[PDB]
Number of protein chains: 2
Amino acid sequence: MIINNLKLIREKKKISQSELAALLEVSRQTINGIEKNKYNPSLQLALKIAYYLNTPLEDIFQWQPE
Amino acid sequence: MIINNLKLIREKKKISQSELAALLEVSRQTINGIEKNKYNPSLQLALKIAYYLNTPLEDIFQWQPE
Ligand code: NA
């Protein structure tokens, strides 16, 4: 299980869902889906998110060790 | 593009493919495949690799735009 903090980090930076989607070249539905915990992103999308949000990836997507 | 440093990092830490595969509960072939850049892991598997290698995920898998 991964717990994500994307909503909070995105909102803190004052970035809307459509703004982030446009930067990452994905759909708003994709961003919203991640934030509503419907599913995890691909490795590549996770890495793009961390890159542009200038935040260590593990601050955004936290695997609960098991 | 994704730069992949898994082999280099695993090797410096003197963890065999077999031992890493066992911690991750995947085939050794799967670790080998990821090391040789044949395919990418899911995000969760990537986070587990980072956990067992005690290394930030972005030092193992480095995405660069363009
Ligand atoms: Na990282």
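Below, each value reflects all heavy atoms present in this structure, side chains not excepted, and no hydrogens, waters or symmetry copies. By convention in this document, chain letters (A, B, ...) are assigned in the order of the sequence lines, proteins followed by strands, and residues within each chain are numbered from 1.
Residues B:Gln64 and B:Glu66 form no side-chain contact, since every pair of their non-hydrogen atoms from C-beta on lies 4.5 Å or further apart. Proximity of A:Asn5 to A:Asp59: side-chain heavy atoms (C-beta onward) are nowhere separated by under 4.5 Å. Taking 4.5 Å as the limit, some side-chain heavy atom of A:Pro41 sits within range of a side-chain heavy atom of B:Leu43. No side-chain heavy atom of B:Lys48 sits less than 4.5 Å from a side-chain heavy atom of B:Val26.
Listed by chain and number, the residues in a side-chain contact (heavy atoms from CB on, under 4.5 Å) with A:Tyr52 are A:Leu23, A:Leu24, B:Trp63, B:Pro65 (sequence neighbours excluded). Listed by chain and number, the residues in a side chain to side chain donor-acceptor pair (under 3.5 Å) with A:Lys38 amount to none (sequence neighbours excluded). With sequence neighbours excluded, the residues that form a salt bridge (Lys or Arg N to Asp or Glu O under 4.0 Å) with A:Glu35 are A:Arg10. A:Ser18 meets the side-chain contact (heavy atoms from CB on, under 4.5 Å) test with A:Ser16; sequence neighbours excluded. Among residues two or more places apart in sequence or in another chain, the side-chain contact (heavy atoms from CB on, under 4.5 Å) test is passed with A:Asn37 by A:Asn4.
Here CD1 of A:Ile60 is found 15.5 Å from NZ of A:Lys7. Values are rounded to the nearest 0.5 Å. Remark: A:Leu6 CG to A:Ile15 CD1 distance equals 9.5 Å, nearest 0.5 Å. To the nearest 0.5 Å, the span separating CZ on B:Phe61 from CD1 on B:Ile3 amounts to 12.0 Å. Put simply, CG on A:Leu53 and CD1 on A:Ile9 are 7.0 Å apart, with the number rounded to the nearest 0.5 Å. The structure places OH of A:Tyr39 at 10.5 Å from OG of A:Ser42, a figure rounded to the nearest 0.5 Å. Going from atom CD1 of B:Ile34 over to atom CD1 of B:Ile31 covers 5.0 Å, rounded to the nearest 0.5 Å.
Taking every heavy atom of both residues into account, B:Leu47 and A:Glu58 meet most closely at CD2-CG, 4.1 Å.
Residue pairs satisfying the side-chain hydrogen bond (donor to acceptor under 3.5 Å, both in side chains) criterion with at least one member in residues 19-30 of chain A, sequence neighbours excluded, are listed as follows: A:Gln17-A:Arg28, A:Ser27-A:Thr30.
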Quiz item: Between A:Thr55 and A:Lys13, is a side-chain contact (heavy atoms from CB on, under 4.5 Å) present by the stated rule, with each step listed?
Solution: CA-CA 11 Å; A:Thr55 297; A:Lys13 294 175 170 277; 4.1 Å; yes
